[PDB]
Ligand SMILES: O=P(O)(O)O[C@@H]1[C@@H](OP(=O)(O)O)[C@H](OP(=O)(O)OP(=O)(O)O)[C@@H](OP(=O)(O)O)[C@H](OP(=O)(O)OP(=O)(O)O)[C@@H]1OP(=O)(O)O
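Have a look below at one chain only, the form solved without the named molecule, in structure tokens format.
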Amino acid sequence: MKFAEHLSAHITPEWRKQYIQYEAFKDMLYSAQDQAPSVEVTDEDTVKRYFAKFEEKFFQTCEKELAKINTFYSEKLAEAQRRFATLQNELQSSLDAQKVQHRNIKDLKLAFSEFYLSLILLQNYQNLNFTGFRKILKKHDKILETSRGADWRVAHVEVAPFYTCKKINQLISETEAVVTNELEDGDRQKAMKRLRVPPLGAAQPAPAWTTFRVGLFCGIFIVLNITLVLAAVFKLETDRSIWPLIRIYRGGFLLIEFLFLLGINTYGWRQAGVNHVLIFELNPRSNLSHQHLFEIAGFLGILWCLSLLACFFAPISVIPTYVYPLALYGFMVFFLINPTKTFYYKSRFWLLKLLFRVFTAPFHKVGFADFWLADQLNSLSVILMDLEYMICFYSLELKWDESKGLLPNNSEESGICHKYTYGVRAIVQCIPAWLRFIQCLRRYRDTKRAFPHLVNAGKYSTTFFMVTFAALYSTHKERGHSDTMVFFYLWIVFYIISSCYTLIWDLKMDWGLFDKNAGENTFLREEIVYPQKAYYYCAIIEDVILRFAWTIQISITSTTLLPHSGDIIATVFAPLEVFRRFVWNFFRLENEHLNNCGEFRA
């Protein structure tokens, strides 16, 4: 409870195998103590021999661990020295050539800032390794009631190069001096702010106010949800088409669920050790933990619930009901594009910059963050459809001259908005598929490698064909023309091939599972990061079920049952799709952390 969790939390995720392995030492010590022959029943020679053998084994494995630590530290120090030499030569050449430039200076600053992080991590590694060598030896001395542990510590631990080397501190001082004198023209305070690192990993507690705000937004959200359910059961005039209301408000709920599940994903990545900071190319000093995502999700969900309640209750009769969704979505879009440096300025503007590069894909280099956001869009494709439906409902169908808005009279109300219109919903349902397809094409063009990339481009071509044939079949269905059966069967077969193509790809390369090097972990990867093995199997089963999702509905649709059956299926499968994306992110990030899965770093 003191040093086991301290080591498990302050460890560097990429260097886990290079630490002291405190837990194994503790378990071995406890097992050896518990397996003593007898206090008095057996001879004193027997127990002395047992203790001597255990002492020899403990010192042998301790020597092995110390040698491993020494070799790792020496290799890391050599790498740091080489990197410092190359970076200093680059700076010397650039400064002489100086006599655009701002971009070069900023890149040099970033390179210096990242090099300082490596030195800090190495220093932390040294400090953590000595602390564990003093604790485990102390525990050995106490458990066996001996003093040879302290003698071994004095003899070996404070002789190895991993403890007597001071070049890391000298390197840090030289780096700080170089940054202060060459990059900032004095002003050590500004240089130190850029270079200094906070406690990283799971070692940083979230501020109390952020957790309090998360709790406050969660409780208000729960109470508002209960009130919304009660109002739906009791209020509402029954004979009004509520379908536009929850079709418009479906996108907000999907966004709220996505943000909550993304916060859970961030928490899981932080705890399991799979670092999303390096994969997403974020600065390790300042990051968004799960608490910030939870707070954002809670605030936006509170706004969504308030707008829905205002729609149900209509507190003020001078304002028509349809203003509330407009106000809610205007606030949602104004929060994102807030020009002031308030309310998560850096995160929101990084997101906006990424959205600019994800919506103009072929003209930008494809990193992980922009690839990661066009894969997340595929699951939030109902949000775009909801936005288009809201725009077409307000601009074409809504009767602005009459007080009641989104809830009109039930009889014969059908308008283009709820149909494949003239094909608008089809292209708005592939837009994310188009973005991913063109991103894959750009990656293939830039790299030249067409396996990871010519493949994974037809995965979204299957979505293209799926949506196109669904649109054709539906359009032939409403007008009553013939040849619908052929289009129905083409829709069926293309959904089959699309689900099989992205299901095999999901488990083979995106997740890394089903590899010939499974070993003990049957049907799993050679090395797993998440603690329990049951998570992977349940995730595989759920992904199989949740990806083949059209099956459950078609049956419902085939029965139809006489209600608006399709709308009940897509308002009960969209959250399932978001949950599937949330569970897919975990293993995508884990595979990328373990074995560069998409080749986004070299």
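In this text, rigid core is short for the largest set of C-alphas that superpose within 1.5 Å between two forms. Throughout, we count residues from 1 along the sequence that is shown.
Not on display, but discussed next: the form solved in complex with the named molecule.
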Every residue of 16, 64 and 164 near the named molecule in the deposited bound form, heavy atom within 4.5 Å: no
Location of the named molecule contact in the deposited bound form, chosen stretch of 480-488, 101-109, 517-525, 86-94 [non-hydrogen atom, 4.5 Å]: 101-109
The named molecule contact in the deposited bound form: residue 189, any heavy atom under 4.5 Å: yes
Residue contact check: residue 3 to the named molecule in the deposited bound form, 4.5 Å heavy atom: yes
Proximity of residue 148 to the named molecule in the deposited bound form, heavy atoms at 4.5 Å: no
The named molecule contact in the deposited bound form: residue 442, any heavy atom under 4.5 Å: no
Contact assignment for the named molecule in the deposited bound form, among 138, 419, 82, 364, heavy atom within 4.5 Å: 138
Residues within stretch 331-353 having a non-hydrogen atom within 4.5 Å of the named molecule in the deposited bound form: 341, 345, 346
Core-superposed comparison between this form and the one not shown - Cα displaced by 2 angstroms or more, from 134, 190, 449, 419: 419
Threshold 2 Å Cα movement between this form and the one not shown for residue 482, core superposed: yes
Core-superposed C-alpha of residue 573 shifting 2 Å or more between this form and the one not shown: no
Residue 540 C-alpha moves between this form and the one not shown by 2 Å or more, core aligned: no
In the deposited bound form, whether the C-alpha atoms of residue 466 and residue 420 sit closer or farther than here (change of 3 Å or more): farther
Cα-Cα trend for residue 563 and residue 229, given that in the deposited bound form the distance shifts by 3 Å or more: farther
